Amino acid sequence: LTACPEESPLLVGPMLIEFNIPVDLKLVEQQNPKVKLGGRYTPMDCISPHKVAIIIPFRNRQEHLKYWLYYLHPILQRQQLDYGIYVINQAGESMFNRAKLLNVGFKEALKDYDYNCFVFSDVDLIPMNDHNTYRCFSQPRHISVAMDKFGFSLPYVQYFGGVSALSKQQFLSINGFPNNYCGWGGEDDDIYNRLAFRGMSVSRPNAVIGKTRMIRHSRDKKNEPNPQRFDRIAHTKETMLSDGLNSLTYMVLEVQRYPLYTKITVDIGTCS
């Protein structure tokens, strides 16, 4: 076999994305026979240079996950990626910590395979055009650029939330993500600050190709807006040197390998 083409010939472009019909994972497995235990897929067609680990921060969003798996597995196979799905489930009932769970995803996926790209995706976002490739670029990539929740427009130029992708070296360069943002908000702005300090810029597809849908939901209990977020993002330059991959600690309570994904339950404690 030879290298997969630059742009996949299987792409269909725009897709109708709706969440009205119930989803049966058994049916999803049935429709995606090529996906192996642990939610792993590799083209048998060509050799892909994109070895992508998709990391999803998680706690009590099983119904959302069902729609995510239903829509993304076919899309990713079409994009000819050599990928694996990882759901990082926070154990306990303390304040939710999105960024720290993403750091756990990075370290735990590297134990399975020699990944070179990490896509970090919230559980409730589905891309509406398959030309919005879920892989890494020469600069950090912001993928969910036009959410229906924001009128299909970016809320602000420095926004790095929702779905993004960092190559392994881009992630290492910023000492990964912060570990001390508990509750909603600010952690994505901190990551944006880290990338800028390391001299990187944000790469994005245009708003037509980047159209994305977010399943409608109310704020989660235990993920109320964080009062210290503004003070924390104002000091990123100094905290990024000592808070990140190099200070990451957690405890693995369970590792599940299902046909459609790998789910790792962990105890990540509380914020300092």
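One rule holds for the numbers: they count along the sequence shown, beginning at 1.
The mean C-alpha temperature factor is higher for 14 to 22 when 258 to 266 and 14 to 22 are set side by side. Note on 220 to 228 vs 24 to 32: mean CA B-factor is higher in 24 to 32. Within the group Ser242, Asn206, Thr212, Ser203, the record's highest C-alpha temperature factor is found at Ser242.
Ranked by Cα temperature factor within the chain, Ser153 sits in the highest third according to the deposited record. Sort the chain's modelled residues by C-alpha temperature factor and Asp189 lands in the lowest third, per the entry. The PDB entry assigns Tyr71 a C-alpha temperature factor belonging to the middle third of its chain's modelled residues. Annotation for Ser138: C-alpha temperature factor in the middle third relative to the rest of the modelled chain, per the entry. In the PDB entry, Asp122 places in the lowest third of its chain by CA B-factor.
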